[PDB]
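Asks: Below is entry_8.cif; it holds mmCIF, N, CA and C atoms and all ligand atoms.
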data_model
loop_
_atom_site.label_atom_id
_atom_site.label_comp_id
_atom_site.auth_asym_id
_atom_site.auth_seq_id
_atom_site.Cartn_x
_atom_site.Cartn_y
_atom_site.Cartn_z
N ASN E 856 98.86 97.36 72.70
CA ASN E 856 97.85 97.45 71.65
C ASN E 856 96.64 98.29 72.12
N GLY E 857 96.87 99.56 72.47
CA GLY E 857 95.89 100.45 73.12
C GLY E 857 95.86 100.36 74.66
N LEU E 858 96.46 99.31 75.22
CA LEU E 858 96.71 99.14 76.66
C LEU E 858 97.80 100.11 77.13
N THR E 859 97.68 100.71 78.31
CA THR E 859 98.77 101.48 78.93
C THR E 859 98.93 101.16 80.41
N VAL E 860 100.17 101.07 80.87
CA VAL E 860 100.52 100.91 82.29
C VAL E 860 101.01 102.25 82.83
N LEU E 861 100.52 102.62 84.01
CA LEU E 861 100.82 103.89 84.66
C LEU E 861 101.74 103.67 85.87
N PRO E 862 102.70 104.55 86.14
CA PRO E 862 103.59 104.40 87.28
C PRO E 862 102.82 104.57 88.61
N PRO E 863 103.30 103.98 89.72
CA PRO E 863 102.79 104.28 91.05
C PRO E 863 103.13 105.72 91.44
N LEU E 864 102.36 106.37 92.32
CA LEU E 864 102.72 107.71 92.78
C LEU E 864 104.01 107.70 93.59
N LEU E 865 104.18 106.74 94.50
CA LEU E 865 105.37 106.58 95.32
C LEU E 865 106.30 105.55 94.67
N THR E 866 107.53 105.91 94.34
CA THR E 866 108.50 104.96 93.77
C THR E 866 108.94 103.93 94.80
N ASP E 867 109.55 102.83 94.37
CA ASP E 867 110.15 101.85 95.27
C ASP E 867 111.16 102.47 96.25
N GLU E 868 111.91 103.49 95.83
CA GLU E 868 112.80 104.24 96.72
C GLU E 868 112.04 105.03 97.80
N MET E 869 110.91 105.65 97.47
CA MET E 869 110.09 106.36 98.45
C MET E 869 109.43 105.41 99.44
N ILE E 870 108.90 104.28 98.98
CA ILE E 870 108.37 103.25 99.88
C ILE E 870 109.47 102.74 100.81
N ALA E 871 110.68 102.50 100.30
CA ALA E 871 111.80 102.09 101.14
C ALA E 871 112.22 103.14 102.19
N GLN E 872 111.97 104.44 101.97
CA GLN E 872 112.12 105.43 103.04
C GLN E 872 111.01 105.32 104.07
N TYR E 873 109.74 105.16 103.69
CA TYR E 873 108.69 104.93 104.68
C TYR E 873 108.93 103.66 105.50
N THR E 874 109.28 102.52 104.90
CA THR E 874 109.59 101.33 105.71
C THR E 874 110.83 101.52 106.57
N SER E 875 111.81 102.33 106.18
CA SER E 875 112.87 102.74 107.10
C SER E 875 112.37 103.66 108.21
N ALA E 876 111.47 104.60 107.94
CA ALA E 876 110.96 105.50 108.96
C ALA E 876 110.15 104.75 110.02
N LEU E 877 109.20 103.91 109.61
CA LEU E 877 108.43 103.09 110.55
C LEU E 877 109.36 102.20 111.37
N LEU E 878 110.38 101.63 110.76
CA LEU E 878 111.34 100.80 111.46
C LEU E 878 112.22 101.61 112.42
N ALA E 879 112.73 102.78 112.04
CA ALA E 879 113.57 103.59 112.91
C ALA E 879 112.79 104.23 114.06
N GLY E 880 111.52 104.55 113.86
CA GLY E 880 110.62 104.91 114.95
C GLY E 880 110.44 103.73 115.90
N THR E 881 110.10 102.56 115.37
CA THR E 881 109.87 101.34 116.16
C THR E 881 111.08 100.93 116.97
N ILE E 882 112.29 101.04 116.43
CA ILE E 882 113.51 100.73 117.17
C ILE E 882 113.81 101.79 118.23
N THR E 883 113.77 103.08 117.91
CA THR E 883 114.22 104.10 118.86
C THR E 883 113.18 104.52 119.89
N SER E 884 111.89 104.29 119.68
CA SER E 884 110.83 105.00 120.41
C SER E 884 109.56 104.20 120.70
N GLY E 885 109.57 102.89 120.48
CA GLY E 885 108.45 102.01 120.78
C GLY E 885 107.19 102.33 119.98
N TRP E 886 106.06 102.37 120.70
CA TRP E 886 104.75 102.72 120.11
C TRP E 886 104.52 104.24 120.16
N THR E 887 105.40 104.99 120.83
CA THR E 887 105.10 106.41 121.11
C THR E 887 104.97 107.25 119.84
N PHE E 888 105.70 106.94 118.77
CA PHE E 888 105.57 107.66 117.50
C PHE E 888 104.22 107.43 116.80
N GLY E 889 103.45 106.42 117.23
CA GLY E 889 102.06 106.21 116.82
C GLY E 889 101.04 107.02 117.62
N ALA E 890 101.43 107.56 118.79
CA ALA E 890 100.58 108.39 119.64
C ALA E 890 100.86 109.89 119.52
N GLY E 891 102.09 110.30 119.24
CA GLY E 891 102.50 111.71 119.16
C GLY E 891 103.85 111.84 118.47
N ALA E 892 104.76 112.66 119.00
CA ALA E 892 106.16 112.65 118.57
C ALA E 892 106.87 111.38 119.08
N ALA E 893 107.90 110.91 118.37
CA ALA E 893 108.73 109.82 118.86
C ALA E 893 109.47 110.23 120.14
N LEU E 894 109.29 109.48 121.21
CA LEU E 894 110.00 109.66 122.47
C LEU E 894 111.07 108.58 122.56
N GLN E 895 112.35 108.92 122.64
CA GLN E 895 113.37 107.88 122.68
C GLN E 895 113.26 107.05 123.95
N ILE E 896 113.60 105.77 123.87
CA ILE E 896 113.71 104.86 125.01
C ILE E 896 114.74 103.77 124.70
N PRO E 897 115.60 103.33 125.63
CA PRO E 897 116.62 102.34 125.33
C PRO E 897 116.00 101.02 124.91
N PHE E 898 116.55 100.32 123.92
CA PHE E 898 115.79 99.21 123.33
C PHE E 898 115.54 98.04 124.28
N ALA E 899 116.45 97.75 125.20
CA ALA E 899 116.20 96.74 126.22
C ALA E 899 114.98 97.09 127.08
N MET E 900 114.75 98.37 127.40
CA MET E 900 113.57 98.78 128.14
C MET E 900 112.30 98.74 127.30
N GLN E 901 112.37 99.01 126.00
CA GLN E 901 111.21 98.81 125.14
C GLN E 901 110.82 97.33 125.09
N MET E 902 111.77 96.41 125.02
CA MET E 902 111.40 94.99 125.11
C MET E 902 110.89 94.65 126.50
N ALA E 903 111.42 95.25 127.56
CA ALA E 903 110.93 95.00 128.91
C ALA E 903 109.47 95.40 129.05
N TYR E 904 109.11 96.54 128.44
CA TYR E 904 107.70 96.98 128.23
C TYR E 904 106.88 95.88 127.55
N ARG E 905 107.34 95.43 126.38
CA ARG E 905 106.58 94.51 125.52
C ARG E 905 106.42 93.13 126.15
N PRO D 561 117.21 80.96 58.19
CA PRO D 561 117.26 81.33 56.78
C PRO D 561 115.89 81.44 56.08
N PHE D 562 114.93 80.60 56.47
CA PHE D 562 113.58 80.60 55.92
C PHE D 562 112.61 81.57 56.62
N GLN D 563 112.92 82.06 57.83
CA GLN D 563 111.98 82.88 58.61
C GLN D 563 111.83 84.31 58.06
N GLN D 564 110.59 84.79 57.97
CA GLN D 564 110.25 86.06 57.32
C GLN D 564 109.83 87.16 58.30
N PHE D 565 109.21 86.81 59.42
CA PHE D 565 108.78 87.75 60.45
C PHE D 565 108.73 87.09 61.82
N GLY D 566 108.72 87.88 62.88
CA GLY D 566 108.75 87.40 64.26
C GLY D 566 107.64 87.98 65.11
N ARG D 567 107.25 87.27 66.17
CA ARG D 567 106.13 87.63 67.04
C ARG D 567 106.55 87.77 68.50
N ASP D 568 105.89 88.69 69.18
CA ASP D 568 105.88 88.84 70.63
C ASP D 568 105.17 87.66 71.32
N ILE D 569 105.19 87.60 72.65
CA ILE D 569 104.59 86.51 73.44
C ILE D 569 103.11 86.30 73.12
N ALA D 570 102.35 87.38 72.94
CA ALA D 570 100.91 87.35 72.66
C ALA D 570 100.59 87.89 71.25
N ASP D 571 100.69 87.01 70.25
CA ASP D 571 100.38 87.18 68.82
C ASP D 571 101.10 88.29 68.02
N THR D 572 101.41 89.42 68.64
CA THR D 572 101.70 90.67 67.93
C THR D 572 103.03 90.60 67.18
N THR D 573 103.04 90.91 65.89
CA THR D 573 104.27 90.95 65.08
C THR D 573 105.23 91.99 65.64
N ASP D 574 106.46 91.61 65.97
CA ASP D 574 107.44 92.51 66.58
C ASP D 574 108.74 92.66 65.78
N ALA D 575 108.95 91.87 64.73
CA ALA D 575 110.08 92.02 63.84
C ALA D 575 109.78 91.52 62.43
N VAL D 576 110.48 92.04 61.43
CA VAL D 576 110.32 91.68 60.01
C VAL D 576 111.67 91.61 59.30
N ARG D 577 111.81 90.68 58.35
CA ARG D 577 112.94 90.64 57.43
C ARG D 577 112.66 91.56 56.24
N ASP D 578 113.57 92.47 55.91
CA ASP D 578 113.49 93.17 54.62
C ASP D 578 113.69 92.16 53.48
N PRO D 579 112.72 91.97 52.57
CA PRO D 579 112.84 90.98 51.50
C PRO D 579 113.91 91.29 50.44
N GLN D 580 114.43 92.52 50.36
CA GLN D 580 115.43 92.88 49.34
C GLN D 580 116.87 92.68 49.81
N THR D 581 117.20 93.16 51.01
CA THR D 581 118.40 92.73 51.75
C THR D 581 118.10 91.41 52.48
N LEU D 582 118.70 91.18 53.64
CA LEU D 582 118.26 90.18 54.62
C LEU D 582 118.07 90.78 56.03
N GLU D 583 118.14 92.11 56.19
CA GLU D 583 118.13 92.77 57.50
C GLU D 583 116.87 92.44 58.31
N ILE D 584 117.01 92.28 59.63
CA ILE D 584 115.87 92.10 60.53
C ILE D 584 115.61 93.41 61.27
N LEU D 585 114.40 93.94 61.11
CA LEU D 585 113.97 95.17 61.76
C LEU D 585 113.00 94.83 62.87
N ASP D 586 113.26 95.31 64.08
CA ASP D 586 112.24 95.38 65.12
C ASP D 586 111.22 96.47 64.78
N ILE D 587 109.96 96.19 65.11
CA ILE D 587 108.84 97.13 65.05
C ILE D 587 108.52 97.58 66.47
N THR D 588 108.49 98.88 66.70
CA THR D 588 107.91 99.47 67.92
C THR D 588 106.60 100.16 67.56
N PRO D 589 105.46 99.90 68.21
CA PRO D 589 104.21 100.59 67.93
C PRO D 589 104.31 102.11 68.05
N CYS D 590 103.37 102.84 67.43
CA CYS D 590 103.31 104.30 67.50
C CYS D 590 103.30 104.78 68.95
N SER D 591 104.04 105.84 69.28
CA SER D 591 103.95 106.42 70.62
C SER D 591 102.54 106.95 70.88
N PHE D 592 101.95 106.59 72.02
CA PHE D 592 100.61 107.02 72.40
C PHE D 592 100.45 107.05 73.92
N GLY D 593 99.46 107.79 74.41
CA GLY D 593 99.13 107.85 75.83
C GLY D 593 98.07 108.90 76.15
N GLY D 594 97.61 108.94 77.39
CA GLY D 594 96.68 109.97 77.82
C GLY D 594 97.32 111.36 77.86
N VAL D 595 96.63 112.34 77.30
CA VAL D 595 96.82 113.76 77.61
C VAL D 595 96.13 114.01 78.94
N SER D 596 96.87 114.52 79.91
CA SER D 596 96.30 114.93 81.19
C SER D 596 96.64 116.37 81.49
N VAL D 597 95.66 117.13 81.97
CA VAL D 597 95.77 118.56 82.25
C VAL D 597 95.90 118.75 83.75
N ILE D 598 96.97 119.40 84.16
CA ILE D 598 97.33 119.70 85.54
C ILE D 598 96.99 121.16 85.77
N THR D 599 96.21 121.45 86.81
CA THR D 599 95.63 122.78 86.98
C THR D 599 95.47 123.18 88.44
N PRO D 600 95.69 124.46 88.80
CA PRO D 600 95.06 125.06 89.97
C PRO D 600 93.54 125.16 89.76
N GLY D 601 92.79 125.58 90.77
CA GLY D 601 91.37 125.86 90.58
C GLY D 601 91.14 127.08 89.67
N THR D 602 90.12 127.05 88.81
CA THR D 602 89.76 128.22 87.97
C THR D 602 89.34 129.43 88.80
N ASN D 603 88.96 129.22 90.07
CA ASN D 603 88.72 130.29 91.04
C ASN D 603 90.00 131.07 91.42
N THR D 604 91.20 130.53 91.17
CA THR D 604 92.48 131.16 91.58
C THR D 604 93.43 131.43 90.41
N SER D 605 93.42 130.64 89.33
CA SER D 605 94.24 130.90 88.13
C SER D 605 93.71 130.18 86.89
N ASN D 606 94.10 130.64 85.70
CA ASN D 606 93.82 130.00 84.41
C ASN D 606 95.06 129.41 83.71
N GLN D 607 96.26 129.53 84.29
CA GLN D 607 97.44 128.82 83.78
C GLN D 607 97.27 127.31 83.99
N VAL D 608 97.66 126.48 83.02
CA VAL D 608 97.65 125.01 83.13
C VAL D 608 98.93 124.42 82.56
N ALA D 609 99.22 123.18 82.94
CA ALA D 609 100.31 122.39 82.41
C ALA D 609 99.74 121.08 81.87
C1 LIG J 1 118.98 93.16 45.84
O1 LIG J 1 119.53 94.19 45.02
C2 LIG J 1 120.45 95.04 45.71
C3 LIG J 1 120.94 96.12 44.76
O2 LIG J 1 119.85 96.97 44.40
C4 LIG J 1 121.61 94.22 46.25
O3 LIG J 1 122.50 95.07 46.99
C5 LIG J 1 121.09 93.12 47.16
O4 LIG J 1 122.17 92.30 47.61
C6 LIG J 1 120.09 92.27 46.38
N1 LIG J 1 119.57 91.23 47.25
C7 LIG J 1 119.19 90.04 46.79
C8 LIG J 1 120.29 89.14 46.32
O5 LIG J 1 118.01 89.71 46.76
#
Would you mind writing the structure in this file as structure tokens?
Replies:
Amino acid sequence: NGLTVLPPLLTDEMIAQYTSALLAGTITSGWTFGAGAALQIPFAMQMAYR
Amino acid sequence: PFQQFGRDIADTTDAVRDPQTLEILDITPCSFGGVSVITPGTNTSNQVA
């Protein structure tokens, strides 16, 4: 009744790619993708770090 | 058999019986929305979408 709803800029599919990207960085490369490029490290050694 | 019109969750009439037949018609409000103009800077072009 004169009210309108507007779509989000990022779709649920685009948000699901960002949550996959943050997760795939976090699994393969620790915190390093938050400092520069993702540097790979074996996951047992990333937990040994943590 | 006695019902003449129908309402949405919040007051608004959303269906009507034709009184000459018995058909039930849904009502959809008029299409409306913001006109928005998509543009480069006027310093670089005057084409718009
Ligand atoms: C109304 O009249 C039409 C014919 O013009 C008819 O087809 C329809 O069944 C009638 N409806 C009633 C009984 O009100």
Asks: Give me the residues within 7 Å of residue D:609 as number ranges by chain, counting all atoms listed in the file and dropping any in the same chain fewer than 5 places off.
Replies: D: 596-600
Asks: Let me have the centre and edge lengths in Å, one decimal, of the box along x, y and z around every listed atom of stretch 864-880 of chain E with 3 Å of margin on each side, as lines of an AutoDock Vina configuration file.
Replies:
center_x = 108.0
center_y = 104.3
center_z = 104.1
size_x = 17.2
size_y = 12.9
size_z = 29.6
Asks: Just the residues within 8 Å of residue D:586, please, counting only N, CA and C atoms, with nothing from its chain fewer than 2 positions along; format it as a compact mmCIF listing (two decimals) with N, CA and C atoms, in the coordinates of the input.
Replies:
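Result file follows (around.txt):
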# COMPACT_ATOMS: atom_id res chain seq x y z
N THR D 573 103.04 90.91 65.89
CA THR D 573 104.27 90.95 65.08
C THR D 573 105.23 91.99 65.64
N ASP D 574 106.46 91.61 65.97
CA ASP D 574 107.44 92.51 66.58
C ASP D 574 108.74 92.66 65.78
N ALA D 575 108.95 91.87 64.73
CA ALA D 575 110.08 92.02 63.84
C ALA D 575 109.78 91.52 62.43
N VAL D 576 110.48 92.04 61.43
CA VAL D 576 110.32 91.68 60.01
C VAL D 576 111.67 91.61 59.30
N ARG D 577 111.81 90.68 58.35
CA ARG D 577 112.94 90.64 57.43
C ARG D 577 112.66 91.56 56.24
N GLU D 583 118.14 92.11 56.19
CA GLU D 583 118.13 92.77 57.50
C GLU D 583 116.87 92.44 58.31
N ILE D 584 117.01 92.28 59.63
CA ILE D 584 115.87 92.10 60.53
C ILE D 584 115.61 93.41 61.27
N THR D 588 108.49 98.88 66.70
CA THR D 588 107.91 99.47 67.92
C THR D 588 106.60 100.16 67.56
N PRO D 589 105.46 99.90 68.21
CA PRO D 589 104.21 100.59 67.93
C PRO D 589 104.31 102.11 68.05
Asks: Counting all atoms listed in the file, what are the residues of chain D within 8 Å of chain E, and for each of them which pair of atoms is the nearest and at what distance in Å, to one decimal? Sort the table by chain and rising number, as a Markdown table.
Replies:
| residue | atom | partner | partner_atom | distance |
| --- | --- | --- | --- | --- |
| D:589 | CA | E:856 | N | 7.9 |
| D:592 | C | E:859 | CA | 7.7 |
| D:593 | CA | E:859 | CA | 7.1 |
| D:594 | N | E:859 | CA | 7.7 |
Asks: Do you know which residues are at most 7 Å from stretch 867-882 of chain E counting only C-alpha atoms, after dropping those on the same chain fewer than 5 positions away, and could you put them as number ranges by chain?
Replies: E: 888, 893, 898
Asks: Give the residue list for ligand LIG 1 (chain J) at 8 Å, counting only N, CA and C atoms and all ligand atoms, as an NGL selection string, sorted by chain and then by residue number.
Replies: :D and (579-582)
Asks: State, in Å with one decimal place, the distance from atom CA of residue E:883 to atom CA of residue E:895.
Replies: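 Here the two named atoms are 5.4 Å from each other.
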Asks: For the structure I just gave you, how does DSSP split chain D - specifically, which residues are strand (DSSP E or B)? Reply as a ChimeraX atom specification.
Replies: /D:565-567,573-577,584-586
Asks: Separation of atom C of residue E:885 and atom CA of residue E:903, in Å?
Replies: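 Those two atoms sit 12.1 Å apart.
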Asks: So the first atom is atom N of residue D:570 and the second is atom CA of residue E:863; what is the distance between them in Å, to one decimal place?
Replies: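 For atom N of residue D:570 relative to atom CA of residue E:863, the distance reads 24.8 Å.
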